[PDB]
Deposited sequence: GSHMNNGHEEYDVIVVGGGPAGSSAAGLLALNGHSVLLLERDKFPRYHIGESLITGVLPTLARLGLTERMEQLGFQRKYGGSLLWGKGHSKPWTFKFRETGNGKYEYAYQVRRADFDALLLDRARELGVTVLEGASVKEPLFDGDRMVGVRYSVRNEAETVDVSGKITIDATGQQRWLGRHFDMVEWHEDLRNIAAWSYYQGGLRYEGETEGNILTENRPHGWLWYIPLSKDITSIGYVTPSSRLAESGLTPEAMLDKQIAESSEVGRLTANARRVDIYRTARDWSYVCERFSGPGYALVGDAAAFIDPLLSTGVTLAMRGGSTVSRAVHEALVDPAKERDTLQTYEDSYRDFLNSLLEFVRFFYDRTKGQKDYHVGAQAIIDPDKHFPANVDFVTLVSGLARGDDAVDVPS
C-alpha cells in the first residue's frame, strides 16, 4: 500500500497566506497564466492592524487592476504625513517626488483592503481556500514539493503538490519558524497598544487624510483618519519602557493620548469606540528568502517597525517582485535558484534603506532638515536630488530604478 491522497491536486504555485503579500503574489502569478492555490486560515474580511499606506503600493494596485476600485470603495485619500518629531507638526506631501505623479495613497481598514485584494486574486484565477491552515511543508530531499494543510473542523489533513511554495504568512513566520532562521532585531523590541475613536478632529483641505505621528518622551503616537468619524490611535514604545512604568499597555495608551500635545488636542471631544489591542516583537529578517521549491515574501520574510508605515508597501512590492521571480523560475527551472537569489538581493536593498532610516528617525534629537539629509545619505549619497525629494522618495516606499516601486 501507499499513503494515497483522495482528490490529489497539483499546482504551479502554492501561496500560504492571503494578506497583501500573498494575494498580490498569487494574483500576479495567475495573470501570468500559472495555476495558483492560495491557502488562508481565516475567513475574509478579517480584522488586521496596519492601516496607513504610502505611494509605493500604487504600482502593484495598478498591475492588479485595482486603481479605480480603491476610489469606488471610498477609502480615505492620504496626500502626505504630519510629524511632530524632533527638536507644531512639520509635513511632507507625496507629490514632492516623482514629478508629482503619485499625489496620494490611502488610509485603509485592513479587513476591507485585504478582502479587495484576495477577491481580485480569485477573479484573476487563483484557487483561494479559506479556513485552510498550512501545518508543514512537504519535501523531496531538500526541495519543497507541496504542503500539508488542515481545514477547520475537518479531521483529515490534505497534502497538495506545488512546484514552488510561497510563504506569505506574515508575522506567523511559517518558514522562518520551520527552518529556525529568524534573525531578530534585538534593538527593536517594541509594543504597540491601540484603539479606535469617534469624534477626533481633522486637518483642513488635502491634509485631512494625513497620518500624524507624534513623538513622546519614551515612545510615539499614531493618529490615522480612516473616515470622517473614525481615527485609529496607537502608542508604540520599547517593551522595556512599558515594563519599567508598571502600567498596562491600555493604561499607557490612555495616559499618552491625554498628555500629548497634538493628539491630545485632536481628541478633546473624542470617545474610544472599540476594544484595546496590542502587538509586540515584530522586528526581524529571515536568514534566507528562498530555497529549492520555496520563497518567502512580506512579513514572513522581514518586518521593520510601524514608524513611517512601510509594511504593506514592503509586502506588495514583495508580491510584485516574487511573482516576477517565480514566473521566471517556472519558465526556466534551471535558473530557479539564481532568480530567487536575485529576488532576495533586491528585497534586502530596499529593506535595508528603510531599516537604516527608521533606526535614524528614532533619534528624536534631530530636526526636519537633519532627517531629510539622513534620507539623502542613504538613497542618494551623490546628491542627484534635493534632500527633501530624497526624504519623500524613501518614506513613500519608492526606489529609483526598482521596477516594482519606481519613482514616476
Task: Regions left out of the model, expressed as runs of the deposited sequence counted from 1 - done: 88-90, 412
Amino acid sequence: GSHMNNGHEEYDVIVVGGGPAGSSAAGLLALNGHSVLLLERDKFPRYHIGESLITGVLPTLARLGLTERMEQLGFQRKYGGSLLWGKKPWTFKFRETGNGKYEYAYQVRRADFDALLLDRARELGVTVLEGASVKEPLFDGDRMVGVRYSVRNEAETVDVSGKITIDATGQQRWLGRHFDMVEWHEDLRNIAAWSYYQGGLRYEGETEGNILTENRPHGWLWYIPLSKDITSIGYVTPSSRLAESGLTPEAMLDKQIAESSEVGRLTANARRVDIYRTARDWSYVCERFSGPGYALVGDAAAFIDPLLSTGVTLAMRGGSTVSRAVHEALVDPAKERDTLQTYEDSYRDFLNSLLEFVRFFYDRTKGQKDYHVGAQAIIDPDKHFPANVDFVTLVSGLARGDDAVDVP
From here on, numbers count along this sequence of modelled residues.
Task: 245-253 set against 275-283, stretch whose average Cα temperature factor tops the other in the entry - done: 245-253
Open item on the list: If you average the CA temperature factors as listed in the entry, which stretch comes out higher, 326-334 or 289-297?
Closed with: 326-334
Task: Among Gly374, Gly50, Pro45, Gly27 - the residue whose C-alpha B-factor is largest in the record - done: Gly374
TODO: In terms of CA temperature factor as recorded, identify the highest of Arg148, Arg109, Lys78, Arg152.
DONE: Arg152
Task: Third assignment of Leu39 from its chain's C-alpha B-factors - done: lowest
Open item on the list: Please say which third, lowest, middle or highest, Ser23 falls into when its CA temperature factor is compared across its chain.
Closed with: lowest
Open item on the list: What third of the chain does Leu138 rank in for C-alpha temperature factor, lowest, middle or highest?
Closed with: middle
Open item on the list: Per the entry's values, where does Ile14 land by CA temperature factor relative to the rest of its chain, in the lowest, middle or highest third?
Closed with: lowest
Open item on the list: Among the modelled residues of this chain, does the Cα B factor of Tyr102 put it in the lowest, middle or highest third?
Closed with: highest
